[PDB]
Amino acid sequence: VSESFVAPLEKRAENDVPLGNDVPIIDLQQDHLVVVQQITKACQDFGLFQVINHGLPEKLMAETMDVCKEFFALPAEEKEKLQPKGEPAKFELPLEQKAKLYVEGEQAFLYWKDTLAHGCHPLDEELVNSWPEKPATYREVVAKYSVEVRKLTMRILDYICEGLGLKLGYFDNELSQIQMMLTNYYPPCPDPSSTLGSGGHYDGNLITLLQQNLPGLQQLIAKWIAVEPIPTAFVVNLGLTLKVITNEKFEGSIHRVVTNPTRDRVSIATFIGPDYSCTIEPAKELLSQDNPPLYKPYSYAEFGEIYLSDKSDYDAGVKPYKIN
Ligand SMILES: CN1[C@@H]2CC[C@H]1C[C@@H](OC(=O)[C@H](CO)c1ccccc1)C2
Ligand SMILES: O=C(O)CCC(=O)C(=O)O
Ligand SMILES: [Fe+2]
Ligand SMILES: [Sr+2]
Ligand SMILES: [Sr+2]
């Protein structure tokens, strides 16, 4: 592989990462209180769990994976239409909601990944008109998927509210206003020992729902485990923003993606979180002398700039705001 994609020795993935047998798989059609308790335990102990019987149509999940794979099969001449000034966009502020293809790495090497990203909320003609023109059915399918994934995310956030003792709808406001859909394409890699599909990270936002069909996702528990792909499940990743708002009562998910020498992989990640204008702080309702705030209030925009640039540590984004 090109030296551009060679990860530092210490960040390279071990060849035989064991299956995460303790990754919670939570049936959302259990009794209400059982679902609240199981989600609460997973959030406190792991920060990553899967949800099944989640009420999002399996047919729509399959149709969305199909049109996302069809997009990445498009020829160069079509993909160039999403490359501003002839190259992929960077994950940097301002992060626009119009569809673009993105490159990503650490500042230095590149991740073995192409990412299509666009905003999904609120859905209006202006936003959907800025989405991919091809495939023809992308806009129709992903509009429906967007609404359904948001519905499921807001259900999970209200289970989280009951678990924390926050009023229902606590996150149904500026804290969930941005919905970025990242479709990740991992082409086959001639040397998986040297490369990463995605470097180890927290998702910086509030909560992320990840749809996957194939292996490659790994979680840090300095031990890495493999997250079993369940094609009809969503992987729920708690973000660094939720870690801060819960005053570390919940864990954030630290995860990475490894490359494969034989086959490509598409994942669909729905990133829900605050507007860039938001102030982030530990929920005052949960604070006391027994539970003092571990973070001072901060600008999400200021956090965002550090989070997207500084990868010296997983929580480099929030280190400046740590107190007590
Ligand atoms: C693998 N990388 C990680 C996670 C996804 C991908 C791109 C980047 O994450 C984002 O762009 C998200 C979008 O909501 C973001 C942006 C600013 C603040 C909080 C979150 C870093
Ligand atoms: O491809 C995956 O399974 C993970 C994607 C991811 O973590 C991300 O886009 O932030
Ligand atoms: Fe992620
Ligand atoms: Sr180009
Ligand atoms: Sr357009």
Side-chain angles (χ1 to χ4, degrees), residues 11 47-48 78 81-82 84 88-107 110-121 124-134 138-139 149 153 175-186 196-212 216-220 227 234-245 252-258 267-278 280 298-311 314-318:
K11 294 198 178 205
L48 185 159
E78 196 61 21
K81 293 163 192 195
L82 297 177
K90 314 290 195 194
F91 290 108
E92 62 176 10
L93 305 181
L95 187 60
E96 295 187 307
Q97 300 217 27
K98 64 177 72 179
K100 311 174 186 185
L101 280 164
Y102 288 81
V103 63
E104 197 178 5
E106 314 195 358
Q107 280 70 39
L110 294 176
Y111 301 159
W112 194 270
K113 173 168 73 73
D114 295 321
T115 297
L116 170 68
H118 57 77
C120 303
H121 180 81
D124 64 18
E125 210 169 68
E126 181 168 309
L127 178 53
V128 177
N129 281 349
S130 70
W131 288 7
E133 297 187 347
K134 293 187 189 281
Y138 184 95
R139 289 175 188 192
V149 170
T153 303
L175 292 181
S176 63
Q177 183 64 5
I178 300 295
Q179 184 176 338
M180 297 299 291
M181 183 167 149
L182 276 64
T183 304
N184 303 305
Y185 180 61
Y186 308 93
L196 296 168
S198 207
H201 65 283
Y202 293 100
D203 294 349
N205 52 302
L206 189 72
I207 190 169
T208 300
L209 266 65
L210 181 282
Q211 182 186 334
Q212 56 164 359
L217 177 63
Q218 301 183 349
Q219 184 184 2
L220 184 65
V227 180
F234 285 90
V235 179
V236 181
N237 282 310
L238 300 197
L240 197 46
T241 301
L242 188 57
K243 183 186 185 180
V244 167
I245 291 175
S253 170
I254 299 168
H255 54 275
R256 74 186 181 192
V257 179
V258 300
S267 69
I268 309 164
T270 297
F271 279 73
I272 282 166
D275 190 55
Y276 302 102
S277 67
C278 284
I280 312 302
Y298 61 86
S299 163
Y300 191 64
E302 193 177 276
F303 158 79
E305 191 173 72
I306 303 170
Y307 169 68
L308 292 175
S309 64
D310 185 351
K311 286 173 193 199
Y314 298 124
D315 70 345
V318 294

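This chain uses plain numbering: 1 for the first residue, then up along the sequence. When a ligand or atom number is given, it counts from 1 through the structure's own listing order.
- When side chains are defined from C-beta on, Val103 counts as touching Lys90, because their heavy atoms get closer than 4.5 Å.
- Between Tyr298 and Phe303, the ring planes lie tilted relative to each other; the angle falls in the 30° to 60° range.
- Residues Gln212 and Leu217 form a side-chain contact, since some pair of their non-hydrogen atoms from C-beta on lies under 4.5 Å apart.
- Across every non-hydrogen atom of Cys120 and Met181, the tightest pair is SG-CB, 3.6 Å.
- Atoms OH and OG1, from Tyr185 and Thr115 in turn, are 12.5 Å apart once rounded to the nearest 0.5 Å.
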Identify all pairs of nitrogen or oxygen atoms, one from ligand 1 and one from the protein, separated by less than 3.5 Å, and list them with distances.
from     : atom 1 : to     : atom 2 : distance (Å)
ligand 1 : 2 (N)  : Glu104 : OE1    : 3.1
ligand 1 : 2 (N)  : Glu104 : OE2    : 2.7

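- The set of protein atoms (N, O or S) found at less than 2.8 Å from the Fe ion (ligand 3) reads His201 NE2, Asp203 OD1, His255 NE2, by chain and number.
- A distance of 10.0 Å separates CG of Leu175 from OH of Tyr300, quoted to the nearest 0.5 Å.
- The closest donor-acceptor contact from the side chain of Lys311 to the backbone of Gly105 lies under 3.5 Å.
- Listed for the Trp131 side chain is a donor-acceptor partner under 3.5 Å among the backbone atoms of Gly119.
- Scanning both residues, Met180 and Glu96, for their nearest heavy atoms gives CE-O, 3.8 Å.
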